[PDB]
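As provided, my_file02.cif (mmCIF, N, CA and C atoms) reads as follows.
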```cif
data_query
loop_
_atom_site.group_PDB
_atom_site.id
_atom_site.type_symbol
_atom_site.label_atom_id
_atom_site.label_comp_id
_atom_site.auth_asym_id
_atom_site.auth_seq_id
_atom_site.Cartn_x
_atom_site.Cartn_y
_atom_site.Cartn_z
ATOM 1 N N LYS A 1 13.208 -8.493 -9.786
ATOM 2 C CA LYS A 1 13.066 -7.802 -11.099
ATOM 3 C C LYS A 1 12.723 -6.334 -10.865
ATOM 4 N N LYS A 2 11.535 -6.089 -10.325
ATOM 5 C CA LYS A 2 11.096 -4.724 -10.053
ATOM 6 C C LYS A 2 10.365 -4.652 -8.718
ATOM 7 N N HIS A 3 9.600 -5.695 -8.412
ATOM 8 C CA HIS A 3 8.850 -5.743 -7.162
ATOM 9 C C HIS A 3 8.343 -7.157 -6.898
ATOM 10 N N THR A 4 7.039 -7.274 -6.656
ATOM 11 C CA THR A 4 6.428 -8.573 -6.393
ATOM 12 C C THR A 4 5.378 -8.888 -7.452
ATOM 13 N N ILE A 5 4.126 -8.992 -7.019
ATOM 14 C CA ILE A 5 3.028 -9.283 -7.933
ATOM 15 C C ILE A 5 2.136 -8.058 -8.089
ATOM 16 N N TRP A 6 2.195 -7.158 -7.117
ATOM 17 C CA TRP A 6 1.389 -5.945 -7.169
ATOM 18 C C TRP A 6 1.439 -5.326 -8.563
ATOM 19 N N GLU A 7 2.641 -5.025 -9.032
ATOM 20 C CA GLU A 7 2.804 -4.423 -10.349
ATOM 21 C C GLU A 7 2.223 -5.324 -11.437
ATOM 22 N N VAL A 8 1.775 -6.511 -11.042
ATOM 23 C CA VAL A 8 1.194 -7.459 -11.992
ATOM 24 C C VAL A 8 -0.321 -7.537 -11.817
ATOM 25 N N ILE A 9 -0.777 -7.448 -10.568
ATOM 26 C CA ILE A 9 -2.204 -7.502 -10.270
ATOM 27 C C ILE A 9 -2.660 -6.155 -9.722
ATOM 28 N N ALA A 10 -1.892 -5.597 -8.800
ATOM 29 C CA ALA A 10 -2.233 -4.302 -8.222
ATOM 30 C C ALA A 10 -2.033 -3.199 -9.250
ATOM 31 N N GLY A 11 -0.782 -2.964 -9.630
ATOM 32 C CA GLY A 11 -0.488 -1.942 -10.621
ATOM 33 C C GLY A 11 -1.371 -2.151 -11.840
ATOM 34 N N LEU A 12 -1.997 -3.323 -11.894
ATOM 35 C CA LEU A 12 -2.879 -3.658 -12.996
ATOM 36 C C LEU A 12 -4.338 -3.522 -12.569
ATOM 37 N N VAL A 13 -4.592 -3.677 -11.267
ATOM 38 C CA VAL A 13 -5.954 -3.564 -10.740
ATOM 39 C C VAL A 13 -6.069 -2.367 -9.805
ATOM 40 N N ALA A 14 -5.211 -2.318 -8.794
ATOM 41 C CA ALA A 14 -5.234 -1.210 -7.846
ATOM 42 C C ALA A 14 -5.406 0.108 -8.589
ATOM 43 N N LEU A 15 -4.630 0.292 -9.650
ATOM 44 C CA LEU A 15 -4.723 1.513 -10.436
ATOM 45 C C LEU A 15 -6.091 1.590 -11.105
ATOM 46 N N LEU A 16 -6.642 0.424 -11.432
ATOM 47 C CA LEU A 16 -7.951 0.357 -12.070
ATOM 48 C C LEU A 16 -9.047 0.179 -11.024
ATOM 49 N N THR A 17 -8.650 0.168 -9.753
ATOM 50 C CA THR A 17 -9.601 0.007 -8.658
ATOM 51 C C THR A 17 -9.512 1.189 -7.696
ATOM 52 N N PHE A 18 -8.339 1.375 -7.100
ATOM 53 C CA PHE A 18 -8.133 2.472 -6.161
ATOM 54 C C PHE A 18 -8.814 3.744 -6.660
ATOM 55 N N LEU A 19 -8.586 4.077 -7.927
ATOM 56 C CA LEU A 19 -9.183 5.274 -8.513
ATOM 57 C C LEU A 19 -10.685 5.093 -8.699
ATOM 58 N N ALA A 20 -11.068 4.068 -9.450
ATOM 59 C CA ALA A 20 -12.481 3.806 -9.696
ATOM 60 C C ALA A 20 -13.298 3.991 -8.420
ATOM 61 N N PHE A 21 -12.884 3.314 -7.352
ATOM 62 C CA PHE A 21 -13.588 3.409 -6.078
ATOM 63 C C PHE A 21 -13.202 4.685 -5.338
ATOM 64 N N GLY A 22 -11.914 5.011 -5.358
ATOM 65 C CA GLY A 22 -11.429 6.210 -4.683
ATOM 66 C C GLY A 22 -12.211 7.440 -5.129
ATOM 67 N N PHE A 23 -12.360 7.594 -6.439
ATOM 68 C CA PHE A 23 -13.085 8.734 -6.982
ATOM 69 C C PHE A 23 -14.447 8.859 -6.316
ATOM 70 N N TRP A 24 -14.886 7.781 -5.679
ATOM 71 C CA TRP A 24 -16.170 7.777 -4.998
ATOM 72 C C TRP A 24 -15.973 7.823 -3.489
ATOM 73 N N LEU A 25 -15.539 6.691 -2.928
ATOM 74 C CA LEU A 25 -15.307 6.564 -1.485
ATOM 75 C C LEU A 25 -15.077 7.916 -0.820
ATOM 76 N N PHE A 26 -14.075 8.647 -1.292
ATOM 77 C CA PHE A 26 -13.773 9.955 -0.728
ATOM 78 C C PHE A 26 -14.792 10.995 -1.185
ATOM 79 N N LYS A 27 -14.815 11.257 -2.486
ATOM 80 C CA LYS A 27 -15.732 12.246 -3.043
ATOM 81 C C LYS A 27 -17.157 12.050 -2.522
ATOM 82 N N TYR A 28 -17.405 10.927 -1.846
ATOM 83 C CA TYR A 28 -18.740 10.649 -1.305
ATOM 84 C C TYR A 28 -18.719 10.641 0.221
ATOM 85 N N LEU A 29 -17.795 9.881 0.799
ATOM 86 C CA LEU A 29 -17.694 9.795 2.252
ATOM 87 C C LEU A 29 -16.845 10.933 2.807
ATOM 88 N N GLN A 30 -15.738 11.221 2.137
ATOM 89 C CA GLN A 30 -14.847 12.289 2.577
ATOM 90 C C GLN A 30 -15.450 13.655 2.260
ATOM 91 N N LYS A 31 -16.482 13.660 1.417
ATOM 92 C CA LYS A 31 -17.149 14.902 1.038
ATOM 93 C C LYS A 31 -18.618 14.861 1.452
ATOM 94 N N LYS A 32 -18.861 14.922 2.756
ATOM 95 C CA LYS A 32 -20.224 14.890 3.269
ATOM 96 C C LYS A 32 -20.309 15.611 4.610
#
```
Could you express the structure from this file as structure tokens?
Amino acid sequence: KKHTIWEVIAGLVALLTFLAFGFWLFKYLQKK
């Protein structure tokens, strides 16, 4: 169709996770 399940769980979570945590992980660990 378009891909696998990512666009169903990832594109649905990763986008709601990668950023949520990313905005920190880096801005905290990558910025120290």
Atom N of residue A:31 and atom N of residue A:16, how far apart in Å?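 Between atom N of residue A:16 and atom N of residue A:31 the gap works out to 20.9 Å.
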Could you please write out, as a PyMOL selection string, every residue of chain A that DSSP assigns to helix (DSSP H, G or I)? chain A and resi 6-30
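Straight-line separation from atom N of residue A:15 to atom CA of residue A:32: 25.0 Å.
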Quote the spacing between atom CA of residue A:9 and atom CA of residue A:23 in Å to one decimal place.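 Computed distance, atom CA of residue A:9 to atom CA of residue A:23, equals 19.8 Å.
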Taking every listed atom of stretch 10-26 of chain A and adding 8 Å to each side, what centre and edge lengths in Å (one decimal) does the axis-aligned box have, as JSON?
```
{"center_x": -8.3, "center_y": 2.7, "center_z": -6.9, "size_x": 31.7, "size_y": 32.6, "size_z": 28.3}
```
